[PDB]
Amino acid sequence: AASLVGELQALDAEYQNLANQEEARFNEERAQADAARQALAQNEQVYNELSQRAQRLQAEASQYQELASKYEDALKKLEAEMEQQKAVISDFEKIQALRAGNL
């Protein structure tokens, strides 16, 4: 077991580092999802109030017409941000159901 002893130690090292990297990835992913939930929650609040504000502006008849349309665009984007944020949370929850499930 000349080189066998050495290789076994080489594979051990690789394993230790690999285990640590995966643990670092999972944490990096957890932090990002928490950021996602915090941000998403705040956006829901801003989207609701702003969509309400835009709705009132439209129901009138050009300034109101221009500002209403400007809000519909801003809201379209904010909505994309929120779908994107829900995906981060959703992807992490899926991953969680695994890393914790596999026993």
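Residues take their numbers from the sequence shown, with the count starting at 1.
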Calculate, to the nearest 0.5 Å, the distance between atoms [atom1] and [atom2] belonging to [X] and [Y] respectively.
X: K70; Y: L57; atom1: NZ; atom2: CG; answer: 12.0 Å
X: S90; Y: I95; atom1: OG; atom2: CD1; answer: 9.5 Å
X: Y64; Y: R56; atom1: OH; atom2: CZ; answer: 8.0 Å
X: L40; Y: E83; atom1: CG; atom2: CD; answer: 9.0 Å
X: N43; Y: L50; atom1: CG; atom2: CG; answer: 10.5 Å
X: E72; Y: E79; atom1: CD; atom2: CD; answer: 10.0 Å

Q: Step by step, work out the salt bridge (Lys or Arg N to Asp or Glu O under 4.0 Å) result for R25 and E29.
A: CA-CA 6 Å; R25 226 292 114 170; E29 287 180 289; 3.5 Å; yes
Q. How about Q32 and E28: does a side-chain donor come under 3.5 Å of a side-chain acceptor?
A.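 Note: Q32 and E28 side chains meet the donor-acceptor criterion.
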Q. Are side-chain N/O atoms of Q21 and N17 paired as donor and acceptor at under 3.5 Å?
A.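 A donor-acceptor contact under 3.5 Å links the two side chains.
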Q: Please answer whether the main-chain N or O of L8 pairs with a side-chain N or O of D12 as donor and acceptor at a distance below 3.5 Å.
A: no
**Q.** side chain to side chain contact (heavy atoms under 4.5 Å, CB included) assessment of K77 paired with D73
**A.** CA-CA 6 Å; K77 292 197 169 305; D73 304 317; 6.0 Å; no
Q. Are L78 and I89 connected in a single hydrophobic cluster, I mean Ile/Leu/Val/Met/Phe/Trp/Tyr linked by side-chain heavy atoms less than 4.5 Å apart?
A.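 Hydrophobic grouping puts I89 with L78.
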**Q.** Shared hydrophobic cluster, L11 / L18 (ILVMFWY, side-chain heavy atoms < 4.5 Å)
**A.** no
Q. What pair of heavy atoms forms the shortest contact from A54 to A68, and how long is it?
A. O-CB, 4.2 Å
**Q.** salt bridge (charged side-chain N to carboxylate O under 4.0 Å, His left out): pairs with one or both residues in residues 92-103, sequence neighbours excluded
**A.** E22-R99, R37-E93
Q: Determine, step by step, whether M82 and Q85 satisfy the side chain to side chain contact (heavy atoms under 4.5 Å, CB included) criterion, reporting the C-alpha distance in whole Å, the side-chain angles of both residues, the deciding distance to 0.1 Å, and the verdict.
A: CA-CA 5 Å; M82 280 154 79; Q85 299 168 329; 3.9 Å; yes
Q: Compare all side-chain heavy atoms of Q52 with those of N48 and state whether any distance is below 4.5 angstrom.
A: no
Q) Quick check: are there more than 12 heavy atoms from other residues, nucleotides or ligands sitting under 6.0 Å from CD of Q16? A)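 Yes, enclosed.
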Q.
Within a 6.0 Å radius of atom CD on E14, are there more than 12 heavy atoms belonging to other residues, nucleotides or ligands?
A.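 No, not enclosed.
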